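Have a look below at one chain only, the form deposited in one PDB entry, in C-alpha cells format.
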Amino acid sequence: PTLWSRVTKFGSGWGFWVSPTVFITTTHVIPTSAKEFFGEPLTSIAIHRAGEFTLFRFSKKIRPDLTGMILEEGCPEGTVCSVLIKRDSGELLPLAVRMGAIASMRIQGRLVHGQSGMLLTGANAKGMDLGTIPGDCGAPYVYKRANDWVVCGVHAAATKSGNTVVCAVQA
C-alpha cells in the first residue's frame, strides 16, 4: 500500500489519485483532444479548473484499492514538502522543497501563479536526480502531519536555474 501507486502517467506529464474517484493534475499537461480518460467517457467526468490546477471527479470508482486522502489549498509557509517525481527510466525521485508565499513569476518564458518553493538539493543537479525536468509537471506536493499524508498541489513550473518551483493549488 503506497503513496507512489497514486502517481500516474497522464498526457505530457503526471497526475495523482486523491481517492477512488478524484484525480488531480497540472492544466497544461492534459490532452486537448479526448473522448475518454481511464476508460470513462468525458460525458461522465466533472472538470474543475483554477489556472494551472485541474481536478477530475469520476462517476464511478477507477481506483477502488485506494482510501481518500486530505487535499488542502497549499501549506503553511516554511513547510518542507516532498515532490513525488516519477521518471520513464523507472526511477522514483522524492525531492525536499521548502515552501514559501503564493506568488506570480515569469519562470523562464511565461507568467505562473501558485505556491513558490525552493529545492533543498542545493549546489546543482548536473545529474537529473537532484532537480526537476519539464516532463515532471503534474507530480504531487505532499507532507506528513500528525498520522496523515496531506497533498497540497501539483508541479506547474521550475526556473532555468532549477532553484525555484511553483506548486499549483486548488481555489
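We call the rigid core the largest set of C-alpha positions that still match within 1.5 Å between the two forms. A residue's number is simply how far along the shown sequence it sits, counting from 1.
One more form of this protein should be noted, the form solved in complex with a small molecule, which is absent from this view; the next part is about it.
**Student:** Does the 4.5 Å heavy atom contact test between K144 and the small molecule in the deposited bound form come out positive?
**Tutor:** Residue-level check for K144: no, no contact with the small molecule.
**Student:** Should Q108 be classed as touching the small molecule in the deposited bound form when contacts are defined as heavy atoms within 4.5 Å?
**Tutor:** Yes, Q108 sits close enough to the small molecule in the deposited bound form that at least one of its heavy atoms falls within 4.5 Å.
**Student:** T132: heavy atom within 4.5 Å of the small molecule in the deposited bound form?
**Tutor:** Yes - in the deposited bound form, heavy atoms of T132 and the small molecule come within 4.5 Å of each other.
**Student:** Can any non-hydrogen atom of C152 be found within 4.5 angstroms of the small molecule in the deposited bound form?
**Tutor:** Contact with the small molecule, no.
**Student:** Quick check on the comparison between this form and the one not shown: with the core aligned, only one of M105, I62, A125, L66 should show a Cα shift of at least 2 Å. Which one is it?
**Tutor:** With the rigid core superposed, the residue that stands out is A125.
**Student:** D88 and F38: their C-alpha distance differs by 3 angstroms or more in the deposited bound form. Do they come closer or move farther apart compared with the shown form?
**Tutor:** Farther apart, by at least 3 Å.
**Student:** Classify the change in Cα distance between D88 and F10 in the deposited bound form as closer or farther, relative to the shown form (magnitude of 3 Å or more).
**Tutor:** Note: Cα gap between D88 and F10 widens in the deposited bound form.
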